[PDB]
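Raw contents of upload.pdb, PDB, C-alpha atoms and all ligand atoms:
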```
ATOM      1  CA  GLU P  16       0.000   0.000   0.000  1.00  0.00           C
ATOM      2  CA  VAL P  17       2.955   2.297   0.783  1.00  0.00           C
ATOM      3  CA  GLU P  18       5.850   2.448  -1.685  1.00  0.00           C
ATOM      4  CA  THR P  19       9.292   3.514  -0.459  1.00  0.00           C
ATOM      5  CA  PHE P  20      11.816   5.022  -2.892  1.00  0.00           C
ATOM      6  CA  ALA P  21      15.451   6.083  -2.635  1.00  0.00           C
ATOM      7  CA  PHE P  22      16.302   9.649  -3.562  1.00  0.00           C
ATOM      8  CA  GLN P  23      18.782  10.073  -6.356  1.00  0.00           C
ATOM      9  CA  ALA P  24      22.179  10.492  -4.753  1.00  0.00           C
ATOM     10  CA  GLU P  25      22.527  14.164  -5.706  1.00  0.00           C
ATOM     11  CA  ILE P  26      19.163  15.007  -4.118  1.00  0.00           C
ATOM     12  CA  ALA P  27      20.056  13.112  -0.951  1.00  0.00           C
ATOM     13  CA  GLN P  28      23.305  15.098  -0.837  1.00  0.00           C
ATOM     14  CA  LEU P  29      21.423  18.382  -1.225  1.00  0.00           C
ATOM     15  CA  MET P  30      18.969  17.466   1.525  1.00  0.00           C
ATOM     16  CA  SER P  31      21.808  16.541   3.891  1.00  0.00           C
ATOM     17  CA  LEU P  32      23.518  19.877   3.227  1.00  0.00           C
ATOM     18  CA  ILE P  33      20.296  21.815   3.852  1.00  0.00           C
ATOM     19  CA  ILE P  34      19.698  19.946   7.109  1.00  0.00           C
ATOM     20  CA  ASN P  35      23.261  20.248   8.397  1.00  0.00           C
ATOM     21  CA  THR P  36      24.624  23.583   7.129  1.00  0.00           C
ATOM     22  CA  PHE P  37      24.607  26.558   9.479  1.00  0.00           C
ATOM     23  CA  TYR P  38      22.334  29.133   7.826  1.00  0.00           C
ATOM     24  CA  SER P  39      20.251  31.642   9.762  1.00  0.00           C
ATOM     25  CA  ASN P  40      18.026  33.066   6.966  1.00  0.00           C
ATOM     26  CA  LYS P  41      15.638  30.115   7.050  1.00  0.00           C
ATOM     27  CA  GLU P  42      12.519  32.159   6.214  1.00  0.00           C
ATOM     28  CA  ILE P  43      13.237  31.694   2.491  1.00  0.00           C
ATOM     29  CA  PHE P  44      11.457  28.323   2.613  1.00  0.00           C
ATOM     30  CA  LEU P  45       8.081  30.047   2.648  1.00  0.00           C
ATOM     31  CA  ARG P  46       8.878  32.204  -0.378  1.00  0.00           C
ATOM     32  CA  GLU P  47       9.872  29.077  -2.285  1.00  0.00           C
ATOM     33  CA  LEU P  48       6.696  27.149  -1.394  1.00  0.00           C
ATOM     34  CA  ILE P  49       4.414  30.091  -2.189  1.00  0.00           C
ATOM     35  CA  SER P  50       6.261  30.534  -5.488  1.00  0.00           C
ATOM     36  CA  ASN P  51       5.646  26.876  -6.352  1.00  0.00           C
ATOM     37  CA  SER P  52       1.949  27.246  -5.532  1.00  0.00           C
ATOM     38  CA  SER P  53       1.723  30.318  -7.745  1.00  0.00           C
ATOM     39  CA  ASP P  54       3.365  28.413 -10.619  1.00  0.00           C
ATOM     40  CA  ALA P  55       0.928  25.514 -10.244  1.00  0.00           C
ATOM     41  CA  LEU P  56      -1.998  27.933 -10.168  1.00  0.00           C
ATOM     42  CA  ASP P  57      -0.703  29.553 -13.378  1.00  0.00           C
ATOM     43  CA  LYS P  58      -0.651  26.105 -14.985  1.00  0.00           C
ATOM     44  CA  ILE P  59      -4.282  25.242 -14.291  1.00  0.00           C
ATOM     45  CA  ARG P  60      -5.336  28.762 -15.299  1.00  0.00           C
ATOM     46  CA  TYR P  61      -3.536  28.374 -18.636  1.00  0.00           C
ATOM     47  CA  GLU P  62      -5.109  24.969 -19.249  1.00  0.00           C
ATOM     48  CA  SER P  63      -8.547  26.413 -18.444  1.00  0.00           C
ATOM     49  CA  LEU P  64      -8.214  29.092 -21.138  1.00  0.00           C
ATOM     50  CA  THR P  65      -8.779  26.447 -23.824  1.00  0.00           C
ATOM     51  CA  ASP P  66     -10.695  23.818 -21.802  1.00  0.00           C
ATOM     52  CA  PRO P  67     -12.953  25.324 -19.122  1.00  0.00           C
ATOM     53  CA  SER P  68     -13.918  21.855 -17.864  1.00  0.00           C
ATOM     54  CA  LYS P  69     -10.499  21.582 -16.247  1.00  0.00           C
ATOM     55  CA  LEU P  70     -11.894  23.824 -13.481  1.00  0.00           C
ATOM     56  CA  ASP P  71     -14.790  21.434 -12.751  1.00  0.00           C
ATOM     57  CA  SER P  72     -12.606  20.241  -9.849  1.00  0.00           C
ATOM     58  CA  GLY P  73     -12.605  23.740  -8.360  1.00  0.00           C
ATOM     59  CA  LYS P  74     -12.890  27.235  -9.803  1.00  0.00           C
ATOM     60  CA  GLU P  75     -11.239  29.090  -6.890  1.00  0.00           C
ATOM     61  CA  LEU P  76      -7.518  29.810  -7.390  1.00  0.00           C
ATOM     62  CA  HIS P  77      -5.902  30.624  -4.051  1.00  0.00           C
ATOM     63  CA  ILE P  78      -3.174  29.911  -1.489  1.00  0.00           C
ATOM     64  CA  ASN P  79      -3.911  29.256   2.194  1.00  0.00           C
ATOM     65  CA  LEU P  80      -1.349  29.273   5.027  1.00  0.00           C
ATOM     66  CA  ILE P  81      -2.494  27.251   8.021  1.00  0.00           C
ATOM     67  CA  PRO P  82      -0.416  27.199  11.217  1.00  0.00           C
ATOM     68  CA  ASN P  83      -1.262  24.698  13.947  1.00  0.00           C
ATOM     69  CA  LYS P  84       0.677  25.197  17.176  1.00  0.00           C
ATOM     70  CA  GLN P  85      -0.764  22.085  18.789  1.00  0.00           C
ATOM     71  CA  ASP P  86       0.493  19.813  16.005  1.00  0.00           C
ATOM     72  CA  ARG P  87       3.556  22.023  15.382  1.00  0.00           C
ATOM     73  CA  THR P  88       2.750  22.094  11.682  1.00  0.00           C
ATOM     74  CA  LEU P  89       2.580  24.765   9.012  1.00  0.00           C
ATOM     75  CA  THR P  90       0.402  23.758   6.054  1.00  0.00           C
ATOM     76  CA  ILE P  91       0.404  25.516   2.675  1.00  0.00           C
ATOM     77  CA  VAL P  92      -2.632  24.692   0.518  1.00  0.00           C
ATOM     78  CA  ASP P  93      -3.163  25.713  -3.081  1.00  0.00           C
ATOM     79  CA  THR P  94      -5.730  24.868  -5.751  1.00  0.00           C
ATOM     80  CA  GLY P  95      -3.225  24.636  -8.586  1.00  0.00           C
ATOM     81  CA  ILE P  96      -2.926  21.969 -11.239  1.00  0.00           C
ATOM     82  CA  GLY P  97      -1.615  19.309  -8.839  1.00  0.00           C
ATOM     83  CA  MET P  98       0.772  16.440  -9.503  1.00  0.00           C
ATOM     84  CA  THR P  99       0.190  12.914 -10.747  1.00  0.00           C
ATOM     85  CA  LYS P 100       1.742   9.934  -9.002  1.00  0.00           C
ATOM     86  CA  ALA P 101       4.430   9.893 -11.692  1.00  0.00           C
ATOM     87  CA  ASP P 102       5.174  13.586 -11.092  1.00  0.00           C
ATOM     88  CA  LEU P 103       5.641  12.927  -7.367  1.00  0.00           C
ATOM     89  CA  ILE P 104       8.081  10.088  -7.956  1.00  0.00           C
ATOM     90  CA  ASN P 105       9.884  12.163 -10.482  1.00  0.00           C
ATOM     91  CA  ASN P 106      11.163  14.555  -7.797  1.00  0.00           C
ATOM     92  CA  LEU P 107       7.909  16.479  -7.347  1.00  0.00           C
ATOM     93  CA  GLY P 108       7.618  17.647 -10.947  1.00  0.00           C
ATOM     94  CA  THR P 109      11.178  19.003 -11.192  1.00  0.00           C
ATOM     95  CA  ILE P 110      14.442  18.177 -12.949  1.00  0.00           C
ATOM     96  CA  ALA P 111      15.984  18.036  -9.495  1.00  0.00           C
ATOM     97  CA  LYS P 112      19.049  15.948 -10.361  1.00  0.00           C
ATOM     98  CA  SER P 113      20.480  18.571 -12.718  1.00  0.00           C
ATOM     99  CA  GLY P 114      19.180  21.429 -10.582  1.00  0.00           C
ATOM    100  CA  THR P 115      20.819  20.117  -7.419  1.00  0.00           C
ATOM    101  CA  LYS P 116      24.167  19.556  -9.148  1.00  0.00           C
ATOM    102  CA  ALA P 117      24.236  23.132 -10.474  1.00  0.00           C
ATOM    103  CA  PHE P 118      23.159  24.531  -7.101  1.00  0.00           C
ATOM    104  CA  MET P 119      25.758  22.653  -5.069  1.00  0.00           C
ATOM    105  CA  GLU P 120      28.367  23.789  -7.605  1.00  0.00           C
ATOM    106  CA  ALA P 121      27.226  27.397  -7.171  1.00  0.00           C
ATOM    107  CA  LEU P 122      27.524  27.000  -3.395  1.00  0.00           C
ATOM    108  CA  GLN P 123      31.122  25.895  -3.980  1.00  0.00           C
ATOM    109  CA  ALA P 124      31.762  29.123  -5.915  1.00  0.00           C
ATOM    110  CA  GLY P 125      30.369  31.223  -3.052  1.00  0.00           C
ATOM    111  CA  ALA P 126      26.652  31.302  -3.847  1.00  0.00           C
ATOM    112  CA  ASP P 127      24.166  31.651  -1.005  1.00  0.00           C
ATOM    113  CA  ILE P 128      21.511  29.111   0.037  1.00  0.00           C
ATOM    114  CA  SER P 129      18.866  31.783  -0.599  1.00  0.00           C
ATOM    115  CA  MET P 130      19.571  31.414  -4.338  1.00  0.00           C
ATOM    116  CA  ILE P 131      18.205  27.850  -4.288  1.00  0.00           C
ATOM    117  CA  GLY P 132      15.103  28.812  -6.285  1.00  0.00           C
ATOM    118  CA  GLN P 133      17.222  29.938  -9.235  1.00  0.00           C
ATOM    119  CA  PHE P 134      18.158  26.263  -9.660  1.00  0.00           C
ATOM    120  CA  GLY P 135      14.619  24.877  -9.654  1.00  0.00           C
ATOM    121  CA  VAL P 136      14.986  23.017  -6.358  1.00  0.00           C
ATOM    122  CA  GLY P 137      13.573  25.558  -3.890  1.00  0.00           C
ATOM    123  CA  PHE P 138      11.190  22.964  -2.421  1.00  0.00           C
ATOM    124  CA  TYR P 139      14.019  21.292  -0.522  1.00  0.00           C
ATOM    125  CA  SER P 140      14.589  24.464   1.524  1.00  0.00           C
ATOM    126  CA  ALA P 141      11.599  23.194   3.516  1.00  0.00           C
ATOM    127  CA  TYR P 142      14.120  21.037   5.376  1.00  0.00           C
ATOM    128  CA  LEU P 143      15.650  24.205   6.809  1.00  0.00           C
ATOM    129  CA  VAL P 144      12.685  24.311   9.190  1.00  0.00           C
ATOM    130  CA  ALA P 145      10.935  20.913   8.933  1.00  0.00           C
ATOM    131  CA  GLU P 146      12.001  17.512  10.198  1.00  0.00           C
ATOM    132  CA  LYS P 147       9.342  15.898   8.007  1.00  0.00           C
ATOM    133  CA  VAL P 148       7.413  17.114   4.973  1.00  0.00           C
ATOM    134  CA  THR P 149       4.163  15.629   3.658  1.00  0.00           C
ATOM    135  CA  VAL P 150       2.890  16.591   0.200  1.00  0.00           C
ATOM    136  CA  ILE P 151      -0.720  15.691  -0.608  1.00  0.00           C
ATOM    137  CA  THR P 152      -1.744  16.313  -4.182  1.00  0.00           C
ATOM    138  CA  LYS P 153      -4.598  15.810  -6.644  1.00  0.00           C
ATOM    139  CA  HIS P 154      -4.311  16.296 -10.409  1.00  0.00           C
ATOM    140  CA  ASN P 155      -7.333  16.106 -12.717  1.00  0.00           C
ATOM    141  CA  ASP P 156      -5.827  13.044 -14.450  1.00  0.00           C
ATOM    142  CA  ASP P 157      -4.955  10.942 -11.364  1.00  0.00           C
ATOM    143  CA  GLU P 158      -6.058   9.969  -7.859  1.00  0.00           C
ATOM    144  CA  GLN P 159      -5.079  11.760  -4.642  1.00  0.00           C
ATOM    145  CA  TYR P 160      -1.605  10.795  -3.404  1.00  0.00           C
ATOM    146  CA  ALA P 161       0.590  11.569  -0.394  1.00  0.00           C
ATOM    147  CA  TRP P 162       4.381  11.938  -0.678  1.00  0.00           C
ATOM    148  CA  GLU P 163       6.408  12.044   2.527  1.00  0.00           C
ATOM    149  CA  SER P 164      10.028  12.269   3.592  1.00  0.00           C
ATOM    150  CA  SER P 165      12.017  12.882   6.763  1.00  0.00           C
ATOM    151  CA  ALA P 166      15.214  12.973   4.659  1.00  0.00           C
ATOM    152  CA  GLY P 167      17.523  10.116   5.495  1.00  0.00           C
ATOM    153  CA  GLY P 168      17.659   9.110   1.835  1.00  0.00           C
ATOM    154  CA  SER P 169      14.120   7.878   1.159  1.00  0.00           C
ATOM    155  CA  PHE P 170      10.574   9.054   0.520  1.00  0.00           C
ATOM    156  CA  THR P 171       7.230   7.262   0.480  1.00  0.00           C
ATOM    157  CA  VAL P 172       4.247   7.548  -1.841  1.00  0.00           C
ATOM    158  CA  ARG P 173       0.810   6.215  -0.973  1.00  0.00           C
ATOM    159  CA  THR P 174      -2.772   6.672  -2.043  1.00  0.00           C
ATOM    160  CA  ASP P 175      -4.228   9.331   0.256  1.00  0.00           C
ATOM    161  CA  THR P 176      -7.277   8.466   2.364  1.00  0.00           C
ATOM    162  CA  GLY P 177      -7.620  11.895   3.987  1.00  0.00           C
ATOM    163  CA  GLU P 178      -9.932  14.781   3.213  1.00  0.00           C
ATOM    164  CA  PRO P 179     -10.544  14.917  -0.566  1.00  0.00           C
ATOM    165  CA  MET P 180      -8.900  17.996  -2.055  1.00  0.00           C
ATOM    166  CA  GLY P 181     -10.686  18.405  -5.377  1.00  0.00           C
ATOM    167  CA  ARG P 182      -7.538  19.632  -7.131  1.00  0.00           C
ATOM    168  CA  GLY P 183      -4.264  21.112  -5.961  1.00  0.00           C
ATOM    169  CA  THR P 184      -1.423  20.540  -3.525  1.00  0.00           C
ATOM    170  CA  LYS P 185      -1.094  20.626   0.264  1.00  0.00           C
ATOM    171  CA  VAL P 186       2.385  20.837   1.812  1.00  0.00           C
ATOM    172  CA  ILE P 187       2.521  19.957   5.533  1.00  0.00           C
ATOM    173  CA  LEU P 188       5.689  21.071   7.331  1.00  0.00           C
ATOM    174  CA  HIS P 189       6.299  19.174  10.562  1.00  0.00           C
ATOM    175  CA  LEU P 190       8.490  21.834  12.148  1.00  0.00           C
ATOM    176  CA  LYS P 191      11.721  21.335  14.066  1.00  0.00           C
ATOM    177  CA  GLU P 192      11.418  22.161  17.723  1.00  0.00           C
ATOM    178  CA  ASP P 193      13.479  25.310  17.551  1.00  0.00           C
ATOM    179  CA  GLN P 194      11.634  26.624  14.479  1.00  0.00           C
ATOM    180  CA  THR P 195       8.208  27.350  15.976  1.00  0.00           C
ATOM    181  CA  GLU P 196       8.515  31.059  15.099  1.00  0.00           C
ATOM    182  CA  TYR P 197       7.041  30.122  11.713  1.00  0.00           C
ATOM    183  CA  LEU P 198       3.704  29.371  13.410  1.00  0.00           C
ATOM    184  CA  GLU P 199       3.330  32.936  14.752  1.00  0.00           C
ATOM    185  CA  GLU P 200       0.928  35.175  12.834  1.00  0.00           C
ATOM    186  CA  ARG P 201       3.196  38.235  12.986  1.00  0.00           C
ATOM    187  CA  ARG P 202       6.194  36.276  11.704  1.00  0.00           C
ATOM    188  CA  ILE P 203       4.347  34.689   8.786  1.00  0.00           C
ATOM    189  CA  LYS P 204       2.829  38.049   7.798  1.00  0.00           C
ATOM    190  CA  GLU P 205       6.296  39.617   7.869  1.00  0.00           C
ATOM    191  CA  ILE P 206       7.737  36.929   5.574  1.00  0.00           C
ATOM    192  CA  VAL P 207       4.850  37.081   3.100  1.00  0.00           C
ATOM    193  CA  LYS P 208       4.990  40.879   2.924  1.00  0.00           C
ATOM    194  CA  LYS P 209       8.765  40.828   2.421  1.00  0.00           C
ATOM    195  CA  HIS P 210       9.074  38.039  -0.157  1.00  0.00           C
ATOM    196  CA  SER P 211       5.690  37.465  -1.813  1.00  0.00           C
ATOM    197  CA  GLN P 212       4.365  40.961  -2.553  1.00  0.00           C
ATOM    198  CA  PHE P 213       3.781  40.242  -6.258  1.00  0.00           C
ATOM    199  CA  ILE P 214       2.135  36.820  -6.117  1.00  0.00           C
ATOM    200  CA  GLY P 215      -1.001  37.138  -8.226  1.00  0.00           C
ATOM    201  CA  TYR P 216      -3.297  34.982  -6.090  1.00  0.00           C
ATOM    202  CA  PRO P 217      -4.980  35.646  -2.731  1.00  0.00           C
ATOM    203  CA  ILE P 218      -2.889  34.387   0.178  1.00  0.00           C
ATOM    204  CA  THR P 219      -4.995  33.848   3.296  1.00  0.00           C
ATOM    205  CA  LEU P 220      -3.205  33.411   6.621  1.00  0.00           C
ATOM    206  CA  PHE P 221      -5.509  31.431   8.902  1.00  0.00           C
ATOM    207  CA  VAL P 222      -5.630  32.236  12.606  1.00  0.00           C
ATOM    208  CA  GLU P 223      -5.948  29.780  15.476  1.00  0.00           C
ATOM    209  CA  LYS P 224      -7.688  28.909  18.679  1.00  0.00           C
TER
HETATM  210  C1  LIG D   1       1.730  18.512 -13.719  1.00  0.00           C
HETATM  211  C2  LIG D   1       2.629  19.669 -13.298  1.00  0.00           C
HETATM  212  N1  LIG D   1       2.367  19.984 -11.906  1.00  0.00           N
HETATM  213  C3  LIG D   1       3.088  21.049 -11.244  1.00  0.00           C
HETATM  214  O1  LIG D   1       3.941  21.671 -11.796  1.00  0.00           O
HETATM  215  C4  LIG D   1       2.729  21.257  -9.787  1.00  0.00           C
HETATM  216  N2  LIG D   1       1.548  20.976  -9.239  1.00  0.00           N
HETATM  217  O2  LIG D   1       1.605  21.246  -7.867  1.00  0.00           O
HETATM  218  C5  LIG D   1       2.838  21.708  -7.605  1.00  0.00           C
HETATM  219  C6  LIG D   1       3.362  22.123  -6.389  1.00  0.00           C
HETATM  220  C7  LIG D   1       4.574  21.602  -5.952  1.00  0.00           C
HETATM  221  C8  LIG D   1       5.136  22.047  -4.781  1.00  0.00           C
HETATM  222  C9  LIG D   1       6.429  21.461  -4.252  1.00  0.00           C
HETATM  223  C10 LIG D   1       6.019  20.272  -3.385  1.00  0.00           C
HETATM  224  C11 LIG D   1       7.397  21.016  -5.337  1.00  0.00           C
HETATM  225  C12 LIG D   1       4.480  22.991  -4.019  1.00  0.00           C
HETATM  226  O3  LIG D   1       5.017  23.445  -2.830  1.00  0.00           O
HETATM  227  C13 LIG D   1       3.280  23.518  -4.440  1.00  0.00           C
HETATM  228  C14 LIG D   1       2.726  23.086  -5.627  1.00  0.00           C
HETATM  229  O4  LIG D   1       1.508  23.602  -6.050  1.00  0.00           O
HETATM  230  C15 LIG D   1       3.579  21.711  -8.788  1.00  0.00           C
HETATM  231  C16 LIG D   1       4.910  22.142  -8.906  1.00  0.00           C
HETATM  232  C17 LIG D   1       5.201  23.488  -8.736  1.00  0.00           C
HETATM  233  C18 LIG D   1       6.504  23.973  -8.806  1.00  0.00           C
HETATM  234  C19 LIG D   1       7.557  23.105  -9.053  1.00  0.00           C
HETATM  235  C20 LIG D   1       9.001  23.620  -9.153  1.00  0.00           C
HETATM  236  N3  LIG D   1       9.270  24.165 -10.302  1.00  0.00           N
HETATM  237  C21 LIG D   1      10.378  24.988 -10.175  1.00  0.00           C
HETATM  238  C22 LIG D   1      10.977  25.512 -11.487  1.00  0.00           C
HETATM  239  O5  LIG D   1      11.081  24.550 -12.467  1.00  0.00           O
HETATM  240  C23 LIG D   1       9.928  23.807 -12.643  1.00  0.00           C
HETATM  241  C24 LIG D   1       9.368  23.239 -11.335  1.00  0.00           C
HETATM  242  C25 LIG D   1       7.271  21.758  -9.211  1.00  0.00           C
HETATM  243  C26 LIG D   1       5.968  21.275  -9.142  1.00  0.00           C
HETATM  244 MG    MG D   2       8.283  28.463 -14.397  1.00  0.00          MG
END
```
Could you take the file, read its structure, and then write that structure out as structure tokens?
Amino acid sequence: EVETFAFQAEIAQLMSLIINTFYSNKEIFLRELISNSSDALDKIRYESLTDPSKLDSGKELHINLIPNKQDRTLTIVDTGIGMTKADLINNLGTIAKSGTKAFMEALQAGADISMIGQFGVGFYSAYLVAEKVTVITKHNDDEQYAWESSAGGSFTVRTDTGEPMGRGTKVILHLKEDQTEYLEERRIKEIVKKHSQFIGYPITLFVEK
């Protein structure tokens, strides 16, 4: 029921560097995830311009940020195009092998970790703040699937039994114990205002309690 896969070696190396390098500017993870959501929303919008039925799975195009201090999780939900099972296995819809090699080479030449998005592998900056990441996704052409990894060289993919999503992607960040600042409303607002001013979709920061 659950399939376990090994990361390509270059991606495992990148994840180990992200988890073990000293780097204080960890807030960039949220810019990268919101950017990915915006790109996926662009994709379903473009497909809908010639086939309106592709929005039968949901006409609203938005990004929601959902902190939960009890679970110590930050969840980012979008209603973009979503990923098929094959996309998930294929490094979450990215050419991550060649992106990670170029990025780690740039880091050798003095590049900064904040440039990770220029190399198409910004997703993995989630491991700056998260000990585990779950990605739940639904694409019009496939069933709902959950990808998960705590690094350590492997990820799992399984059919998702949770709340049906309609269409889109949910990223659940299981935060490290010393990274709970990213559950505070003021901190999230600050990061969104600083890094995501020109995202062309409504970003709703949920409140708690
Ligand atoms: C069939 C094609 N589907 C998609 O492109 C897609 N659907 O949902 C995507 C999301 C992926 C991520 C992470 C997990 C990679 C998100 O955080 C949010 C998404 O909406 C998502 C996606 C969005 C962005 C990226 C990363 N880019 C980066 C630049 O090069 C191309 C890939 C990869 C995948
Ligand atoms: Mg693009």
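Put simply, atom CA of residue 209 of chain P is 16.4 Å away from atom CA of residue 39 of chain P.
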Exactly which residues make up the result of the PyMOL selection byres (((not hetatm)) within 12 of (chain D and resi 2)) on this file, given as a PDB file with C-alpha atoms, keeping the file's coordinate frame?
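After the write, part04.pdb holds the following:
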```pdb
ATOM      1  CA  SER P  50       6.261  30.534  -5.488  1.00  0.00           C
ATOM      2  CA  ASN P  51       5.646  26.876  -6.352  1.00  0.00           C
ATOM      3  CA  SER P  52       1.949  27.246  -5.532  1.00  0.00           C
ATOM      4  CA  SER P  53       1.723  30.318  -7.745  1.00  0.00           C
ATOM      5  CA  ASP P  54       3.365  28.413 -10.619  1.00  0.00           C
ATOM      6  CA  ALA P  55       0.928  25.514 -10.244  1.00  0.00           C
ATOM      7  CA  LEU P  56      -1.998  27.933 -10.168  1.00  0.00           C
ATOM      8  CA  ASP P  57      -0.703  29.553 -13.378  1.00  0.00           C
ATOM      9  CA  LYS P  58      -0.651  26.105 -14.985  1.00  0.00           C
ATOM     10  CA  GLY P 108       7.618  17.647 -10.947  1.00  0.00           C
ATOM     11  CA  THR P 109      11.178  19.003 -11.192  1.00  0.00           C
ATOM     12  CA  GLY P 132      15.103  28.812  -6.285  1.00  0.00           C
ATOM     13  CA  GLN P 133      17.222  29.938  -9.235  1.00  0.00           C
ATOM     14  CA  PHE P 134      18.158  26.263  -9.660  1.00  0.00           C
ATOM     15  CA  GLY P 135      14.619  24.877  -9.654  1.00  0.00           C
ATOM     16  CA  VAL P 136      14.986  23.017  -6.358  1.00  0.00           C
TER      17      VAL P 136
END
```
Around ligand LIG 1 (chain D), fit a box with edges along x, y and z, padding it by 3 Å on each side, then list its centre and edge lengths in Å to one decimal as lines of an AutoDock Vina configuration file.
```
center_x = 6.3
center_y = 22.0
center_z = -8.3
size_x = 15.6
size_y = 13.0
size_z = 16.9
```
request  = Find the residues near segment 16-20 of chain P: any atom within 7 Å, counting only C-alpha atoms, skip ones fewer than 5 places away on the same chain, and give them as number ranges by chain.
outcome  = P: 169-173
note = Using only C-alpha atoms and all ligand atoms, the shortest atom-to-atom distance to ligand LIG 1 (chain D) among P:86, P:66, P:102, P:71 belongs to P:102
inquiry  = Taking the file as I've supplied it (selection: the PyMOL selection byres (((chain P and resi 25) around 9) and not hetatm)), which residues are included? Please answer as a PyMOL selection string.
reply    = chain P and resi 22-24+26-30+111-113+115-116
request  = Determine, counting only C-alpha atoms, which protein, DNA and RNA residues have an atom within 12 Å of an atom of residue 224 of chain P; residues of the same chain fewer than 5 positions away are not included. Present the result as a list in words.
outcome  = residues 81, 82, 83, 84 and 85 of chain P
ask   = Pick the closest to ligand LIG 1 (chain D) from P:32, P:131, P:143, P:117: which is it, counting all atoms listed in the file?
value = P:131
request  = Dig up all the protein and nucleic acid residues within 9 Å of (-3.4, 20.9, -10.4) in the file frame, using all atoms listed in the file, and format them as an NGL selection string.
outcome  = :P and (55-56 or 58-59 or 93-99 or 152-155 or 182-184)
ask   = Mind listing as a PyMOL selection string all residues within 7 Å of (2.2, 15.7, 2.7), counting all atoms listed in the file?
value = chain P and resi 148-151+161-163+185-187
Create the file for the chosen residues now, containing C-alpha atoms and written as a CSV table (one decimal), in the frame of the given file.
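Contents of the output file out11.csv:
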```
chain,number,residue,atom,x,y,z
P,148,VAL,CA,7.4,17.1,5.0
P,149,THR,CA,4.2,15.6,3.7
P,150,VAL,CA,2.9,16.6,0.2
P,151,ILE,CA,-0.7,15.7,-0.6
P,161,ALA,CA,0.6,11.6,-0.4
P,162,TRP,CA,4.4,11.9,-0.7
P,163,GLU,CA,6.4,12.0,2.5
P,185,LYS,CA,-1.1,20.6,0.3
P,186,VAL,CA,2.4,20.8,1.8
P,187,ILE,CA,2.5,20.0,5.5
```
request  = Considering only C-alpha atoms and all ligand atoms, state which residue in the set P:120, P:193, P:223, P:47 is at the smallest distance from ligand LIG 1 (chain D).
outcome  =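 Closest to ligand LIG 1 (chain D), using only C-alpha atoms and all ligand atoms: P:47.
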